[PDB]
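Q: Input: one structure, supplied below.
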Amino acid sequence: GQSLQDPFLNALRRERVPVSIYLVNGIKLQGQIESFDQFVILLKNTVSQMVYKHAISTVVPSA
Amino acid sequence: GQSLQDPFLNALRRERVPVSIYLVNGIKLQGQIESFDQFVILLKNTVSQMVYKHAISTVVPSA
Amino acid sequence: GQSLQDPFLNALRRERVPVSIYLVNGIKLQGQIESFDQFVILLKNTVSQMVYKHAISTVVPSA
Amino acid sequence: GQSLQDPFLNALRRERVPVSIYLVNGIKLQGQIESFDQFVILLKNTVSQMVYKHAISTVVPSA
Amino acid sequence: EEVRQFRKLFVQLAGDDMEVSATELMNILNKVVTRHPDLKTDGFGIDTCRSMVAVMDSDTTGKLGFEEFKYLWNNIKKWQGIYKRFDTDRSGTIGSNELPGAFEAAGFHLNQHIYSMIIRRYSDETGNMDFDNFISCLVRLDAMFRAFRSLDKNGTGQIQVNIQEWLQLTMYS
Amino acid sequence: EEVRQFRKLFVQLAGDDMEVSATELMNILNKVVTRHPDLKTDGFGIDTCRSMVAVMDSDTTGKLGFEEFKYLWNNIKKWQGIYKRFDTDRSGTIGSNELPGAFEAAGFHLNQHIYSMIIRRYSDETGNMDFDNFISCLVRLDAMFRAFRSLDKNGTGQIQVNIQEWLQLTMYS
Amino acid sequence: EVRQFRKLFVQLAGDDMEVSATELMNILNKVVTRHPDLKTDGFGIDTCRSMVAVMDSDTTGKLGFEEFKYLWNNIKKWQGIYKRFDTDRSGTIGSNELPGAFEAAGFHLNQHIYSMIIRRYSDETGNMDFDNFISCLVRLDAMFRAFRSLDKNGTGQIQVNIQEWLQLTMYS
Amino acid sequence: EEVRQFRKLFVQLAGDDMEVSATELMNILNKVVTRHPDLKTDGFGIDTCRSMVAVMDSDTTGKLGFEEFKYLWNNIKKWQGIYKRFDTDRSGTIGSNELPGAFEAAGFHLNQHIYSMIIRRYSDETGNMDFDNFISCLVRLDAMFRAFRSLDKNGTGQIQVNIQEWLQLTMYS
Ligand SMILES: Nc1nc2[nH]cnc2c(=O)[nH]1
Ligand SMILES: Nc1nc2[nH]cnc2c(=O)[nH]1
Ligand SMILES: Nc1nc2[nH]cnc2c(=O)[nH]1
Ligand SMILES: Nc1nc2[nH]cnc2c(=O)[nH]1
Ligand SMILES: [Ca+2]
Ligand SMILES: [Ca+2]
Ligand SMILES: [Ca+2]
Ligand SMILES: [Ca+2]
Ligand SMILES: [Ca+2]
Ligand SMILES: [Ca+2]
Ligand SMILES: [Ca+2]
Ligand SMILES: [Ca+2]
Ligand SMILES: [Ca+2]
Ligand SMILES: [Ca+2]
Ligand SMILES: [Ca+2]
Ligand SMILES: [Ca+2]
Ligand SMILES: [Ca+2]
Ligand SMILES: [Ca+2]
Ligand SMILES: [Ca+2]
Ligand SMILES: [Ca+2]
Ligand SMILES: [Ca+2]
Ligand SMILES: [Ca+2]
Ligand SMILES: [Ca+2]
Ligand SMILES: [Ca+2]
């Protein structure tokens, strides 16, 4: 039902807000949410890379 | 649902684009997507190795 | 010192060649040799900092 | 006192033997001994770099 | 063959040295722009042209060889087409309301804070950008994205530079 | 407290909106340069002046308030004095043989490869730089050193930036 | 058929009982004249020194029996592929034909690598003759085997110093 | 500038496509070498010339533009001078006893085991290297040192490559 992930990611995607994605190993990826499904986020910076949600700790908006 | 992973990995496979696969411990594997299912990616470099998706953080190509 | 250190550091200083200074803990400092004595190197990047020779592993130019 | 290190380094230098120099933090440098004095070794690979003896653990040749 | 006609234009433009200088670029761009009276411009000036040569000069000869000029020229033709299509009010200029669509069509997905910074630094008091300013903005934006990509090897969205790389990427431009 | 006279000059130059635009800076620089026939120049153009305002615009108003203008003005008067002193052949231009002395006097101790890149980007086919190009080069060089200093907090000689910080620091003119 | 191979080897190798670059060139130029299907300006000495160098794993400067057998068996297999993937019967391998031929040889390469091979081995029409094709595959095979042996943890990345680098790039 | 001689030579060599192919390089090298019968040589062959073009072809056009040709031509002139000077027995060839001195003069200070590997691959059964073999060896050795230096940024004497960078740096020609 009241999934909070989809609205949150869609708002980042539509307004092209830069995000930091911290992985469970503490590494920081930065770019824009191009796309996402139940299991992955397509993150676009200079390449388009696939990030598994199971490897993410946090999505932090820049603004 | 699982609707973004297959297109993404199949495009890497078909065009034989080299990918970097970063594991949750930060280690980098490089080669070609030979194939994949719900749980694993067969990565080909000089051997053909089985990589568990649950141990992957990111799959970054070279476009 | 009395053979190789002074000529080496003076040549960096005179031609204003950028150097990497690696510390014994593996940290990399980059700038130009402003000056040096028996015990320290004054490194200039944006500030002028004093680097103890006892804490340096390597001085590596770019030419 | 340096009655064993000078002959050892001079033989590496004259025959242009590739050496590995391990630093006290475990990092490995490889090249040729260009030169050395009481306090430093000039190591040549593609750049010419100054390595402080106080930051060296071992000099391992391919002799 | 259409690539053969393009090499003929390059060789004519480049003259005695086999390279296109800032002044040769300025002269050919001011000629092309006058045959398109739909493109409002106070002209390409020498300093804008030195900058365009500088960011395209990947082998540091100070001038554009064939491959540097082809990349620039094909970008300018594509961006000319975008300028006309996204000039929805037919002002001959790109307004603040039009710039996001034009840059998106050029392949730059930027956030409003960056569009505001661009309009501040390239547009006039009415927030309108003329054709030389638009081309100059895109040449630099394209070069700065390419410079960032080449330094972002692990693809993390962050790069590390020392002062010499910083001066090369900020002054050479 | 003879800085009240300077503040009065600023308020006169700024007019109504109490800030100095790119156009107001261009007009006052072109006025000053005509009183010095010692300074060879094709004039300060709008693009060079928008660039100088942009790198000096610390509060992002798009124009120069008092402290931004004072810093820029004091730099321009000091660099004017250096230009004349290091113009040893009295050409009214700074030649490649004269540029290293002039930049050293301005407090920029750069290596030959950076001087060579500056001459390639700011000087003409004879390696001569006119006054507006010399001032524009130093305004940018000074700003790029200050931007690097402010991001190098641990003083390591290396800066880490994402694409938004990169575009903010590089998208100039 | 190992019997036939040892007879040929002894005859080809002569006194020093190894195959030099010159002996390899002479036997390859003899074989290729019996196949007017194979367009070639001939195997030259520099291509043959290169083939001996990448196959000379014991560093004698010439090919002993096992080095020659490995090379010879590769050449026979690749000759068969050359003819089969020459679809327009030009006697040469065109840019459109090269991917299929290399795939059949067991090299699954991306188009950017095919483009650089055609740039370096093919003529101004993007056609590769027989000596160029054999020379390309002997090197490609050797460079894959060298990479495999240095990629012990199977990460797709190897580390080399300047001596290993010069051994792998110059002795070729 | 008196680099007009170079430009004249390049334009005459390059013909219609205004770039120097492997075939055009082979033809000019075979012409130059016949003027010097003290350079023993069986000739520059097409495969050696494709290899020299490949390592010098920085912009991947498959042929040598002006700047790529100048770099190669200047190296060949310098190495021709070294060949004659280090041919101490006047054989017209560089013997195993001569090769260390010649390579040292070219700027390559290598150990005996590498000199032996070069002799094994580029010299004849008497350990003598003819002129085309010497130039071909130096063009490759120079390129392989430059490739290694550009990947060894921390200067540790060790390089890391994936299979595509490896194939790019090793497949020649
Ligand atoms: N893109 C990317 N993903 C990672 N996952 C872990 N480390 C990295 C890294 O350096 N880059
Ligand atoms: N040259 C060099 N010296 C070091 N000291 C510690 N780390 C390094 C390194 O990566 N390179
Ligand atoms: N010989 C040698 N010395 C070292 N010093 C630190 N690490 C090493 C190592 O692996 N080998
Ligand atoms: N193939 C491979 N998988 C790993 N997983 C963690 N480390 C490694 C490694 O070195 N190689
Ligand atoms: Ca020109
Ligand atoms: Ca150029
Ligand atoms: Ca409009
Ligand atoms: Ca304009
Ligand atoms: Ca990065
Ligand atoms: Ca005003
Ligand atoms: Ca302001
Ligand atoms: Ca002067
Ligand atoms: Ca000017
Ligand atoms: Ca820092
Ligand atoms: Ca034999
Ligand atoms: Ca052998
Ligand atoms: Ca064919
Ligand atoms: Ca051939
Ligand atoms: Ca590995
Ligand atoms: Ca030609
Ligand atoms: Ca080229
Ligand atoms: Ca001799
Ligand atoms: Ca020869
Ligand atoms: Ca390294």
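Chain E is numbered as in Swiss-Prot; the shown residues are, in order, 96-268.
Recorded method for this deposit: X-ray crystallography, 2.3 Å.
Using the three backbone atoms N, Cα and C, a Cβ is placed for every residue, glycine included.
Found this in Swiss-Prot, in case it helps:
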type	residues	note
BINDING	E:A109, E:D112, E:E114, E:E119	Ca(2+) 1 binding site
BINDING	E:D137, E:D225	Ca(2+) 4 binding site
DOMAIN	E:139-172	domain 'EF-hand 2'
BINDING	E:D152, E:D154, E:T156, E:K158, E:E163	Ca(2+) 2 binding site
MOD_RES	E:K179	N6-acetyllysine
BINDING	E:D182, E:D184, E:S186, E:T188, E:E193	Ca(2+) 3 binding site
Q: For the recorded Ca(2+) 1 site, enumerate neighbouring residues of the same chain (Cβ within 8 Å of the Cβ centroid of E:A109, E:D112, E:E114, E:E119, site residues themselves excluded), in sequence order.
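A: Near the Ca(2+) 1 site, the remaining chain residues are E:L108, E:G110, E:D111, E:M113, E:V115, E:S116, E:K158, E:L159.
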Q: Sequence gap of 6 or more, C-beta under 8 Å: which same-chain residues meet both conditions with respect to E:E163 (Ca(2+) 2 binding site)?
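A: Spatial neighbours, sequence-distant, of E:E163 (Ca(2+) 2 binding site): E:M151, E:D152, E:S153, E:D154.
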Q: Have a look around E:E114 (Ca(2+) 1 binding site) and count the other CB atoms within 10 A of its CB, chains all included.
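A: For E:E114 (Ca(2+) 1 binding site), the 10 Å Cβ neighbour count is 24.
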Q: Which is it, of E:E119, E:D154: the one of these binding-site residues whose Cβ has the most other Cβ atoms within 10 Å?
A: E:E119
Q: What is the three-state DSSP composition of the domain 'EF-hand 2' (E:139-172), stated as helix, strand and coil residue counts?
A: 23 helix, 1 strand, 10 coil
Q: Return the count of C-beta atoms lying within 10 angstroms of the C-beta of E:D184 (Ca(2+) 3 binding site), excluding that atom itself.
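A: The Cβ of E:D184 (Ca(2+) 3 binding site) has 10 Cβ neighbours within 10 Å.
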Q: Taking 10 A as the limit, how many CB atoms besides its own sit near the CB of E:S186 (Ca(2+) 3 binding site)?
A: 13
Q: What are the other residues, in sequence order, whose C-beta lies within 8 angstroms of the center of the C-beta atoms of E:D152, E:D154, E:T156, E:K158, E:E163 at the Ca(2+) 2 site?
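A: What remains near the Cβ centre is E:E114, E:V148, E:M151, E:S153, E:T155, E:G157, E:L159, E:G160.
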Q: What's the CA-CA gap between E:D184 (Ca(2+) 3 binding site) and E:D225 (Ca(2+) 4 binding site) in angstrom, rounded?
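A: Answer for this pair: 14 Å between alpha carbons.
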Q: Sort the binding-site residues E:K158, E:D182, E:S186 by C-alpha distance from E:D112 (Ca(2+) 1 binding site) and give me just the closest.
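A: Nearest listed residue in space: E:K158.
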Q: Tell me, in order along the sequence, which recorded positions from E:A109, E:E114, E:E119, E:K158, E:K179, E:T188 have their CA within 10 Å of E:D225 (Ca(2+) 4 binding site).
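A: So the list reads E:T188.
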Q: Could you name the residues, excluding E:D182, E:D184, E:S186, E:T188, E:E193, of the same chain that surround the Ca(2+) 3 site, i.e. Cβ within 8 Å of the Cβ centre of those residues, in sequence order?
A: E:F181, E:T183, E:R185, E:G187, E:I189, E:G190, E:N223
Q: Cβ distance under 8 Å to E:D182 (Ca(2+) 3 binding site), same chain, sequence separation 6 or more: which residues?
A: E:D133, E:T188, E:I189, E:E193
Q: Applying an 8 Å Cβ threshold (strictly under) against chain H, tell me which of the binding-site residues E:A109, E:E119, E:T156, E:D225 fall inside, in sequence order.
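A: Out of E:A109, E:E119, E:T156, E:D225, E:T156 lie under 8 Å of chain H.
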